[PDB]
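Data from coords.pdb: PDB, C-alpha atoms
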```pdb
ATOM      1  CA  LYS A   1    -202.769  38.809 -91.215  1.00  0.00           C
ATOM      2  CA  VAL A   2    -204.267  35.862 -93.180  1.00  0.00           C
ATOM      3  CA  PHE A   3    -206.846  37.360 -95.519  1.00  0.00           C
ATOM      4  CA  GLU A   4    -210.016  35.589 -96.457  1.00  0.00           C
ATOM      5  CA  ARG A   5    -210.364  35.175-100.204  1.00  0.00           C
ATOM      6  CA  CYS A   6    -213.116  37.687-101.006  1.00  0.00           C
ATOM      7  CA  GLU A   7    -211.817  40.104 -98.412  1.00  0.00           C
ATOM      8  CA  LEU A   8    -208.515  40.196-100.303  1.00  0.00           C
ATOM      9  CA  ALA A   9    -210.294  40.479-103.685  1.00  0.00           C
ATOM     10  CA  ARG A  10    -212.167  43.626-102.616  1.00  0.00           C
ATOM     11  CA  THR A  11    -209.007  45.110-101.030  1.00  0.00           C
ATOM     12  CA  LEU A  12    -206.991  44.616-104.257  1.00  0.00           C
ATOM     13  CA  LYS A  13    -209.824  46.080-106.299  1.00  0.00           C
ATOM     14  CA  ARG A  14    -209.836  49.175-104.068  1.00  0.00           C
ATOM     15  CA  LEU A  15    -206.069  49.464-104.434  1.00  0.00           C
ATOM     16  CA  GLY A  16    -206.284  49.661-108.251  1.00  0.00           C
ATOM     17  CA  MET A  17    -205.033  46.167-109.152  1.00  0.00           C
ATOM     18  CA  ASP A  18    -207.804  45.041-111.511  1.00  0.00           C
ATOM     19  CA  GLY A  19    -206.430  45.333-115.028  1.00  0.00           C
ATOM     20  CA  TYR A  20    -203.222  47.019-113.818  1.00  0.00           C
ATOM     21  CA  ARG A  21    -200.845  46.627-116.804  1.00  0.00           C
ATOM     22  CA  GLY A  22    -203.455  44.295-118.343  1.00  0.00           C
ATOM     23  CA  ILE A  23    -203.543  41.862-115.372  1.00  0.00           C
ATOM     24  CA  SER A  24    -206.939  40.814-114.064  1.00  0.00           C
ATOM     25  CA  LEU A  25    -207.794  40.582-110.352  1.00  0.00           C
ATOM     26  CA  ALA A  26    -208.242  36.773-110.720  1.00  0.00           C
ATOM     27  CA  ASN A  27    -204.586  36.530-111.822  1.00  0.00           C
ATOM     28  CA  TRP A  28    -203.370  38.599-108.827  1.00  0.00           C
ATOM     29  CA  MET A  29    -205.503  36.401-106.542  1.00  0.00           C
ATOM     30  CA  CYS A  30    -204.051  33.202-108.063  1.00  0.00           C
ATOM     31  CA  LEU A  31    -200.543  34.642-107.434  1.00  0.00           C
ATOM     32  CA  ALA A  32    -201.123  35.554-103.735  1.00  0.00           C
ATOM     33  CA  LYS A  33    -202.839  32.171-103.128  1.00  0.00           C
ATOM     34  CA  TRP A  34    -199.918  30.122-104.351  1.00  0.00           C
ATOM     35  CA  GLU A  35    -197.218  32.483-103.076  1.00  0.00           C
ATOM     36  CA  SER A  36    -198.371  32.880 -99.491  1.00  0.00           C
ATOM     37  CA  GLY A  37    -201.869  31.433 -98.979  1.00  0.00           C
ATOM     38  CA  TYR A  38    -202.927  35.098 -98.533  1.00  0.00           C
ATOM     39  CA  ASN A  39    -200.626  35.498 -95.534  1.00  0.00           C
ATOM     40  CA  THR A  40    -198.895  38.880 -95.117  1.00  0.00           C
ATOM     41  CA  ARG A  41    -196.364  37.447 -92.604  1.00  0.00           C
ATOM     42  CA  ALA A  42    -194.933  34.821 -95.010  1.00  0.00           C
ATOM     43  CA  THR A  43    -191.121  34.847 -95.500  1.00  0.00           C
ATOM     44  CA  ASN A  44    -189.079  32.357 -97.448  1.00  0.00           C
ATOM     45  CA  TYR A  45    -185.272  32.343 -97.201  1.00  0.00           C
ATOM     46  CA  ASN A  46    -183.446  31.137-100.254  1.00  0.00           C
ATOM     47  CA  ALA A  47    -180.252  29.559 -98.921  1.00  0.00           C
ATOM     48  CA  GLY A  48    -178.640  29.164-102.369  1.00  0.00           C
ATOM     49  CA  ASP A  49    -178.552  32.823-103.303  1.00  0.00           C
ATOM     50  CA  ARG A  50    -179.001  34.401 -99.813  1.00  0.00           C
ATOM     51  CA  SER A  51    -182.162  36.360-100.573  1.00  0.00           C
ATOM     52  CA  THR A  52    -185.568  36.260 -98.795  1.00  0.00           C
ATOM     53  CA  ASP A  53    -189.089  36.533-100.195  1.00  0.00           C
ATOM     54  CA  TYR A  54    -191.465  38.723 -98.149  1.00  0.00           C
ATOM     55  CA  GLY A  55    -195.193  39.027 -97.615  1.00  0.00           C
ATOM     56  CA  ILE A  56    -198.366  38.179 -99.402  1.00  0.00           C
ATOM     57  CA  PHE A  57    -196.722  38.414-102.896  1.00  0.00           C
ATOM     58  CA  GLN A  58    -193.373  36.903-101.818  1.00  0.00           C
ATOM     59  CA  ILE A  59    -191.381  39.784-103.230  1.00  0.00           C
ATOM     60  CA  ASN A  60    -187.641  39.211-103.257  1.00  0.00           C
ATOM     61  CA  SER A  61    -184.931  41.166-101.366  1.00  0.00           C
ATOM     62  CA  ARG A  62    -182.377  41.183-104.166  1.00  0.00           C
ATOM     63  CA  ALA A  63    -184.318  43.023-106.783  1.00  0.00           C
ATOM     64  CA  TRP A  64    -187.181  44.796-104.986  1.00  0.00           C
ATOM     65  CA  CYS A  65    -187.071  45.539-101.311  1.00  0.00           C
ATOM     66  CA  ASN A  66    -184.094  46.154 -99.013  1.00  0.00           C
ATOM     67  CA  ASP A  67    -183.477  44.052 -95.912  1.00  0.00           C
ATOM     68  CA  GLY A  68    -179.731  44.999 -95.481  1.00  0.00           C
ATOM     69  CA  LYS A  69    -178.486  41.385 -95.520  1.00  0.00           C
ATOM     70  CA  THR A  70    -178.870  40.411 -99.231  1.00  0.00           C
ATOM     71  CA  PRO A  71    -175.775  40.503-101.526  1.00  0.00           C
ATOM     72  CA  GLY A  72    -176.353  42.437-104.789  1.00  0.00           C
ATOM     73  CA  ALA A  73    -179.610  44.170-103.610  1.00  0.00           C
ATOM     74  CA  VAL A  74    -180.978  46.802-105.974  1.00  0.00           C
ATOM     75  CA  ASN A  75    -184.086  47.975-104.005  1.00  0.00           C
ATOM     76  CA  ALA A  76    -186.128  48.890-107.095  1.00  0.00           C
ATOM     77  CA  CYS A  77    -189.303  49.487-104.961  1.00  0.00           C
ATOM     78  CA  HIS A  78    -187.290  51.778-102.606  1.00  0.00           C
ATOM     79  CA  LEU A  79    -188.885  50.035 -99.689  1.00  0.00           C
ATOM     80  CA  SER A  80    -187.679  48.300 -96.527  1.00  0.00           C
ATOM     81  CA  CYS A  81    -188.671  44.621 -96.705  1.00  0.00           C
ATOM     82  CA  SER A  82    -190.348  45.011 -93.338  1.00  0.00           C
ATOM     83  CA  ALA A  83    -193.001  47.161 -95.082  1.00  0.00           C
ATOM     84  CA  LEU A  84    -194.112  43.947 -96.816  1.00  0.00           C
ATOM     85  CA  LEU A  85    -194.858  42.157 -93.509  1.00  0.00           C
ATOM     86  CA  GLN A  86    -197.568  44.656 -92.440  1.00  0.00           C
ATOM     87  CA  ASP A  87    -201.281  43.727 -92.139  1.00  0.00           C
ATOM     88  CA  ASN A  88    -202.005  46.731 -94.347  1.00  0.00           C
ATOM     89  CA  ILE A  89    -200.962  45.688 -97.899  1.00  0.00           C
ATOM     90  CA  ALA A  90    -200.852  49.154 -99.559  1.00  0.00           C
ATOM     91  CA  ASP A  91    -197.028  49.042 -99.735  1.00  0.00           C
ATOM     92  CA  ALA A  92    -196.846  45.431-100.975  1.00  0.00           C
ATOM     93  CA  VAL A  93    -199.355  46.463-103.720  1.00  0.00           C
ATOM     94  CA  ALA A  94    -197.302  49.587-104.785  1.00  0.00           C
ATOM     95  CA  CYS A  95    -194.174  47.340-105.008  1.00  0.00           C
ATOM     96  CA  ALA A  96    -196.034  44.569-106.853  1.00  0.00           C
ATOM     97  CA  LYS A  97    -197.188  47.223-109.423  1.00  0.00           C
ATOM     98  CA  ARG A  98    -193.489  48.221-109.798  1.00  0.00           C
ATOM     99  CA  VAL A  99    -192.488  44.539-110.458  1.00  0.00           C
ATOM    100  CA  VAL A 100    -194.987  44.252-113.354  1.00  0.00           C
ATOM    101  CA  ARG A 101    -193.930  47.506-115.051  1.00  0.00           C
ATOM    102  CA  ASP A 102    -190.890  45.458-116.182  1.00  0.00           C
ATOM    103  CA  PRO A 103    -191.463  43.636-119.600  1.00  0.00           C
ATOM    104  CA  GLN A 104    -191.891  40.188-118.026  1.00  0.00           C
ATOM    105  CA  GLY A 105    -194.896  41.477-116.054  1.00  0.00           C
ATOM    106  CA  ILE A 106    -196.512  38.850-113.817  1.00  0.00           C
ATOM    107  CA  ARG A 107    -194.333  36.116-115.364  1.00  0.00           C
ATOM    108  CA  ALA A 108    -191.627  37.395-112.945  1.00  0.00           C
ATOM    109  CA  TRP A 109    -193.151  35.094-110.372  1.00  0.00           C
ATOM    110  CA  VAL A 110    -192.476  31.512-111.454  1.00  0.00           C
ATOM    111  CA  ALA A 111    -195.315  30.294-109.175  1.00  0.00           C
ATOM    112  CA  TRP A 112    -197.779  32.223-111.469  1.00  0.00           C
ATOM    113  CA  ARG A 113    -196.314  30.311-114.505  1.00  0.00           C
ATOM    114  CA  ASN A 114    -196.615  26.955-112.674  1.00  0.00           C
ATOM    115  CA  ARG A 115    -200.131  27.359-111.221  1.00  0.00           C
ATOM    116  CA  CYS A 116    -202.040  30.106-112.983  1.00  0.00           C
ATOM    117  CA  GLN A 117    -200.847  30.738-116.598  1.00  0.00           C
ATOM    118  CA  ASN A 118    -203.211  29.124-119.124  1.00  0.00           C
ATOM    119  CA  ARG A 119    -205.559  27.923-116.469  1.00  0.00           C
ATOM    120  CA  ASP A 120    -209.079  29.045-115.717  1.00  0.00           C
ATOM    121  CA  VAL A 121    -208.433  31.347-112.721  1.00  0.00           C
ATOM    122  CA  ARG A 122    -211.912  32.799-112.330  1.00  0.00           C
ATOM    123  CA  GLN A 123    -212.793  30.631-109.304  1.00  0.00           C
ATOM    124  CA  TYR A 124    -210.405  32.797-107.215  1.00  0.00           C
ATOM    125  CA  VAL A 125    -212.786  35.806-107.530  1.00  0.00           C
ATOM    126  CA  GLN A 126    -216.130  33.989-107.818  1.00  0.00           C
ATOM    127  CA  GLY A 127    -218.770  35.228-105.411  1.00  0.00           C
ATOM    128  CA  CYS A 128    -216.670  38.146-104.076  1.00  0.00           C
ATOM    129  CA  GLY A 129    -218.825  40.772-105.790  1.00  0.00           C
ATOM    130  CA  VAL A 130    -215.784  42.189-107.435  1.00  0.00           C
TER     131      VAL A 130
END
```
Before we go any further, please render this structure as structure tokens.
Amino acid sequence: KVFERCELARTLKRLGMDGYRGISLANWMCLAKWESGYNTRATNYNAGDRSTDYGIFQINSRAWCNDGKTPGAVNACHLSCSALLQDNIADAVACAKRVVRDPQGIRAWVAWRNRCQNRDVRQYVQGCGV
């Protein structure tokens, strides 16, 4: 599903993401925007290390979800990677909350460091009534 911006903002709000581990909704929105363009079907295969990034948050198959074909997989979210390609993002959100309970928090996604850290990210939630 490709979410519309404010549609995704209200869905994340409902799912308890605003201020989760100190992270604002605008920061989660900046992350999904640059990771997938708000597209739940996004996958990215990383040929160098043989892992794949899945879904709207581009969560990786080595550390977080299991797809059966990644060497060294840990499956810290205890989730099949296919659960992250659903139109319903409740599972992608529970796994994304697991990723940020690690010390690094949202910095785990390098795309957030490149495009969102120390930038004004409030335009991602402006006008969504969130």
**OP:** Give as a PyMOL selection string the residues that the PyMOL selection byres ((chain A and resi 80) around 9) matches when applied to the coordinates above.
**Re:** chain A and resi 65-68+75+77-79+81-84
Original post:
Can you tell me, as a PyMOL selection string, what residues are no more than 12 Å from residue 107 in chain A when counting all atoms listed in the file, ignoring any on the same chain fewer than 2 positions away?
Top reply: chain A and resi 23+27-28+31+99-105+109-118
Original post:
What lies within 8 Å of residue 52 in chain A using all atoms listed in the file, ignoring chain neighbours under 2 positions off, as a list in words?
Top reply: residues 43, 44, 45, 46, 50, 54, 60, 61, 62 and 70 of chain A
Include C-alpha atoms and write out the residues we just selected as a tab-separated table (two decimals), in the frame of the given file.
```tsv
chain	number	residue	atom	x	y	z
A	43	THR	CA	-191.12	34.85	-95.50
A	44	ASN	CA	-189.08	32.36	-97.45
A	45	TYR	CA	-185.27	32.34	-97.20
A	46	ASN	CA	-183.45	31.14	-100.25
A	50	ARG	CA	-179.00	34.40	-99.81
A	54	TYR	CA	-191.46	38.72	-98.15
A	60	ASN	CA	-187.64	39.21	-103.26
A	61	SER	CA	-184.93	41.17	-101.37
A	62	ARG	CA	-182.38	41.18	-104.17
A	70	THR	CA	-178.87	40.41	-99.23
```
**OP:** Give me the result of the PyMOL selection byres ((chain A and resi 18) around 12) on this file, residue by residue, as a PyMOL selection string.
**Re:** chain A and resi 9-17+19-29+93+97+125+130
Export, as a short mmCIF file (atom, residue, chain, number, x, y, z; two decimals), in the frame of the given file, the selected residues with C-alpha atoms.
```
data_model
loop_
_atom_site.label_atom_id
_atom_site.label_comp_id
_atom_site.auth_asym_id
_atom_site.auth_seq_id
_atom_site.Cartn_x
_atom_site.Cartn_y
_atom_site.Cartn_z
CA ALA A 9 -210.29 40.48 -103.68
CA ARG A 10 -212.17 43.63 -102.62
CA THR A 11 -209.01 45.11 -101.03
CA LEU A 12 -206.99 44.62 -104.26
CA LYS A 13 -209.82 46.08 -106.30
CA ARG A 14 -209.84 49.18 -104.07
CA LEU A 15 -206.07 49.46 -104.43
CA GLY A 16 -206.28 49.66 -108.25
CA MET A 17 -205.03 46.17 -109.15
CA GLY A 19 -206.43 45.33 -115.03
CA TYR A 20 -203.22 47.02 -113.82
CA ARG A 21 -200.84 46.63 -116.80
CA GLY A 22 -203.46 44.30 -118.34
CA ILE A 23 -203.54 41.86 -115.37
CA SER A 24 -206.94 40.81 -114.06
CA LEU A 25 -207.79 40.58 -110.35
CA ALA A 26 -208.24 36.77 -110.72
CA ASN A 27 -204.59 36.53 -111.82
CA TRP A 28 -203.37 38.60 -108.83
CA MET A 29 -205.50 36.40 -106.54
CA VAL A 93 -199.36 46.46 -103.72
CA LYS A 97 -197.19 47.22 -109.42
CA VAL A 125 -212.79 35.81 -107.53
CA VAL A 130 -215.78 42.19 -107.44
#
```
Original post:
For the atom pair CA of residue 127 in chain A and CA of residue 57 in chain A, what is the interatomic distance in Å to one decimal place?
Top reply: 22.4 Å
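Between CA of residue 59 in chain A and CA of residue 72 in chain A lies a distance of 15.3 Å.
Distance-wise, CA of residue 58 in chain A and CA of residue 36 in chain A end up 6.8 Å apart.
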Taking all atoms of range 39-50 of chain A that the file lists, what box with edges along x, y and z, padded by 6 Å per side, do you get, with centre and edge lengths in Å to one decimal, as lines of an AutoDock Vina configuration file?
```
center_x = -189.6
center_y = 34.0
center_z = -98.0
size_x = 34.1
size_y = 21.7
size_z = 22.7
```
Subject >> A:106, A:88, A:33, A:40 ranked by distance to residue 123 in chain A, top pick (using all atoms listed in the file) >> reply: A:33
Original post:
the PyMOL selection byres ((chain A and resi 39) around 8) on the file shown: which residues, as a PyMOL selection string?
Top reply: chain A and resi 1-3+36-38+40-42+55-56
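Distances to residue 51 in chain A were evaluated for A:34, A:91, A:74, A:122 using all atoms listed in the file, and the minimum falls at A:74.
The residue that comes closest to residue 49 in chain A, out of A:71, A:90, A:128, A:64 and on the basis of all atoms listed in the file, is A:71.
Nearest residue to residue 7 in chain A, choosing from A:86, A:129, A:98, A:47 and counting all atoms listed in the file: A:129.
Distance check against residue 108 in chain A using all atoms listed in the file: of A:63, A:6, A:92, A:48, the minimum falls on A:63.
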